[PDB]
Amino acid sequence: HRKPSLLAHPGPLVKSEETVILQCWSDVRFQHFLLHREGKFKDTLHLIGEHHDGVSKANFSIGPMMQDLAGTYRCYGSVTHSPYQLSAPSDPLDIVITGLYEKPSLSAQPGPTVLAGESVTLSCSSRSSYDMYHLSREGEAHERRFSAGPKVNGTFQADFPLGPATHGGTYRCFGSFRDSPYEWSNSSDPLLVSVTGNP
């Protein structure tokens, strides 16, 4: 009696007003699903699942984004002859808000034009007391978080060792506080890491 899947289109990071979709589905005939949200505004939803060949689905849309809506979501599914026998919970998915506070500074190192093979360490910071820092490589699968190294010259940074330079890329950085893990700051200005090639 497996659990459903919880996706997020466009993606987990959402700017204010910006409204997002959380497609919960399974290859089963789940009659209807529940979308629970853990955290601040602990709330629950319900949707009768559509049934495009081989797959049931409930596309919940989290309306105009706000701080009270970002948090951990988990999805459930139940079938006709027992809609109160809930399925196993789907892997928790975090939906966050972006642009709440000042954007950080994202420096590269060695520099932003290393040659193929050279290891790179993107490292961002701020004068603000951010407790975390998130690295988003333009589109690339997912993000990477990191605990800040508080106070040094007023700044608080975190270094992200990307390892030897694979391909180029555009990375952005976000800062957040422990307080509310789903509330993030603006996006650091985009950094183009350019990997000079070899024969």
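Don't overthink the numbering: it's just position in the shown sequence, from 1.
Looking at 79-87 and 100-108 together, the entry lists the larger mean B-factor for 79-87, computed on C-alpha atoms. In this entry, 140-148 shows the higher mean Cα temperature factor of the pair 140-148 and 55-63. Across the options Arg172, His36, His32, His167, the residue with the most elevated CA B-factor in the record is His167. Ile48: CA B factor in the highest third of modelled residues in this chain (values from the PDB entry).
Placement of the Cα temperature factor of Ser188 within the chain: lowest third of the modelled residues, per the deposited record.
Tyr133: CA B factor lies in the lowest third for its chain, per the PDB record.
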